[PDB]
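Only one chain comes next, encoded as structure tokens, the form solved without the partner chain.
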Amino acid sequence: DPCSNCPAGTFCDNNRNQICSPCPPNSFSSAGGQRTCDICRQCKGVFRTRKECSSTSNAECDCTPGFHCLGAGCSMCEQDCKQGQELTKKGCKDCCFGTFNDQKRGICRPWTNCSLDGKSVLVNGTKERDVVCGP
């Protein structure tokens, strides 16, 4: 009954004659009627703070240049590789012959087989980019 009335940016607290208290520093409540304030995501070094933490809303974060987010809400950072590379466990390795990567993240993918759709290789592929199919 006395906790339902508590807004966001606040938690239910009936120890000390107050009905609700404000969320302590580096914590937040995004709903009202919360029994406990959730802890702010901290973001330094490789992680860069994009949205700062408020009393009522969590911080959001990306990865510094030369890195890219992996997983929901940038859970962990992964090293960028060059175009025509993939990230192996050994590190940034160049793509094998019949395969390309047009991005600075992810695996090498094989060139398109034009024959499948009936078309012919208009422009050849490379490590950096896919085949262009034609007739």
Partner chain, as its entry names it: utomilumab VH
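For clarity, a rigid core is taken as the largest C-alpha set superposing within 1.5 Å between two forms. Residue numbers count along the first chain shown, from 1.
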Worksheet item: Averaged over C-alpha atoms, is the B-factor higher for 110 to 118 or for 13 to 21 in this PDB entry?
Response: 13 to 21
Worksheet item: Of 95 to 103 and 52 to 60, which one has the bigger average CA B-factor?
Response: 52 to 60
Discussion item. Considering every modelled residue of the chain and its Cα B-factor in the PDB entry, is residue 133 in the lowest, middle or highest third?
Written reply: middle
Response to the item:
Here the Cα B-factor of residue 87, set against its chain, lands in the third termed lowest
Worksheet item: Should residue 26 be placed in the lowest, middle or highest third of its chain by the C-alpha B factor in the entry?
Response: lowest
Discussion item. Which third, lowest, middle or highest, does the C-alpha temperature factor of residue 65 belong to within its own chain?
Written reply: middle
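Heads up, the form deposited with the partner chain bound isn't pictured, but that's what we're talking about next.
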Fill in: Contact label in the deposited complex: residue 49 to the partner chain, heavy atom within 4.5 Å
no
Worksheet item: With a 4.5 Å heavy atom cut-off, would you call residue 82 a contact of the partner chain in the deposited complex?
Response: no
Practice prompt. Give a yes or no for residue 78: in the deposited complex, does one of its heavy atoms lie within 4.5 Å of a heavy atom belonging to the partner chain?
Written response: yes
Discussion item. Considering non-hydrogen atoms and a 4.5 Å limit, does the partner chain approach residue 98 in the deposited complex?
Written reply: no
Discussion item. Using a rigid core superposition, assess whether residue 72 undergoes a CA shift of 2 Å or more between the shown form and the other one.
Written reply: yes
Worksheet item: Just checking, between the shown form and the other one and with the core aligned, does residue 35 shift 2 Å or more at the CA?
Response: no
Practice prompt. Indicate whether residue 96 shows a C-alpha shift of 2 Å or more between the shown form and the other one, with the rigid core used for the fit.
Written response: no
